[PDB]
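Asks: pasting the structure only:
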């Protein structure tokens, strides 16, 4: 579990939150000396909660998946709501007693994109913007609600995914500024680059499949090796998305404590 107070949010504090955040969830292995999540972790530990405090000294709880680190749902006051097609398993571990409401929307950006009729490029961002997120959820506004939590995903879930996103979000501690196409392409590419990062181990620093993303400047560039700025101290925890071997459903599901056969 991790806690972040917006009322006392600060650039240095934002850094501590992301470092503690990557340390909060387990680690399947170490890639380039950095944390990472296997295909799936323990369900009891898969769901972690974040205690966030609005600049109004109000406190809410956010539940996210340890692997991709995306908010499945969140709890406000005594009511917690989640999307569909995946988050419902939340009924099992997340909220236990508080009210429960799942919006007809699925835990997908396209579903929220249609309801909000907006794009991340047109959504405001910045520490203070987070106040709008925590603040809006307390005043759950059908239209903003979707855009409110989305800001939280970009400021909390995405911030932990990359230190680069954390830097741009941490730079704003009072004003509000809309994101940039750099995070958009970078967000989708991160997944392809992250799995390739594990591959970078046997490529000496090259990717078998080159990666095309967008530099924070606002232009599109091609990255094919660790020499790129993204692989530098910009990548902390990575998504292993490793489970193809899980096809045999044995190296997994057959872990059978039998290992350590002795006794």
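Replies: Yes, it's here. Numbers count the residues shown, from 1 in each chain.
Asks: what sits against residue 232?
Replies: Each residue near residue 232 by CB atoms under 8 Å, 6 or more residues apart in numbering is listed here: residue 226. Just so you know, the C-beta spots here come from the backbone N, C-alpha and C atoms, and that holds for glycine as well.
Asks: same thing with the one 5 residues further on?
Replies: Residue 237 is in contact with 22, 25, 27, 34-37, 69, 160-161, counting by CB under 8 Å, 6+ apart.
Asks: again with residue 225
Replies: Residues in contact with residue 225 (CB under 8 Å, 6+ apart) are 200, 203, 205-207, 231.
Asks: For stretch 183-199, buried residues please.
Replies: 183, 185-187, 189-190, 192-198 (16 or more other CB atoms under 10 Å).
Asks: mind putting those residues in JSON lines, secondary structure and distance to residue 62 included?
Replies: Putting these into JSON lines (DSSP: H, G, I helix; E, B strand; the rest coil; distance: CB to CB, whole Å) gives the following:
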{"residue": "183", "secondary structure": "helix", "distance to residue 62": "20"}
{"residue": "185", "secondary structure": "helix", "distance to residue 62": "26"}
{"residue": "186", "secondary structure": "helix", "distance to residue 62": "23"}
{"residue": "187", "secondary structure": "helix", "distance to residue 62": "19"}
{"residue": "189", "secondary structure": "helix", "distance to residue 62": "25"}
{"residue": "190", "secondary structure": "helix", "distance to residue 62": "21"}
{"residue": "192", "secondary structure": "helix", "distance to residue 62": "27"}
{"residue": "193", "secondary structure": "helix", "distance to residue 62": "26"}
{"residue": "194", "secondary structure": "helix", "distance to residue 62": "23"}
{"residue": "195", "secondary structure": "helix", "distance to residue 62": "26"}
{"residue": "196", "secondary structure": "helix", "distance to residue 62": "30"}
{"residue": "197", "secondary structure": "helix", "distance to residue 62": "27"}
{"residue": "198", "secondary structure": "helix", "distance to residue 62": "28"}
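Asks: Helix, strand, or coil at the residue nearest the centre of the chain?
Replies: Residue closest to the average C-alpha location in the chain (CA atoms, centre = their mean): residue 157, at 2.8 Å. For residue 157, the secondary structure call by DSSP: H, G, I helix; E, B strand; the rest coil comes out as helix.
Asks: Show me how far stretch 160-173 is from its chain's centre.
Replies: Counting by CA atoms, centre = their mean, to the nearest Å, stretch 160-173 is centred 12 Å from the centre of its parent chain.
Asks: Can you tell me how far the residue nearest to the centre of the chain is from residue 239?
Replies: Distance of residue 157 to residue 239, computed by CB to CB, to the nearest Å: 12 Å.
Asks: same deal with residue 57?
Replies: Separation of residue 57 from residue 239 (CB to CB) stands at 35 Å.
Asks: thinking again about what came up before, neighbour-wise, which of the contacts of residue 237 leads?
Replies: Top of these by neighbour number is residue 161, holding 28 neighbours under the definition other CB atoms under 10 Å.
Asks: that's a helix at residue 222, yeah?
Replies: No. According to three-state DSSP, the state of residue 222 is strand, so it is not within a helix.
Asks: Pull the contacting residues for it.
Replies: By CB under 8 Å, 6+ apart, the neighbours of residue 222 are 210-212.
Asks: Bridged to it, which residues?
Replies: Residues in a beta bridge with residue 222, per DSSP bridges, are residue 212.
Asks: For residue 210, see how far away it is.
Replies: 6 Å.
Asks: ditto for residue 260
Replies: Taking CB to CB, one finds residue 260 at 42 Å from residue 210.
Asks: With neighbour numbers in mind, choose between these two.
Replies: Shown here are residue 260 and residue 210; by other CB under 10 Å, residue 210 has more neighbours (12 against 6).
Asks: Disregarding flanking residues, what is the spatial nearest neighbour of the more buried one?
Replies: The shortest distance from residue 210 to any non-neighbouring residue, by CB to CB, 6 or more residues apart in numbering, is to residue 224 (4.0 Å).
Asks: How many residues are close by that neighbour?
Replies: 16.
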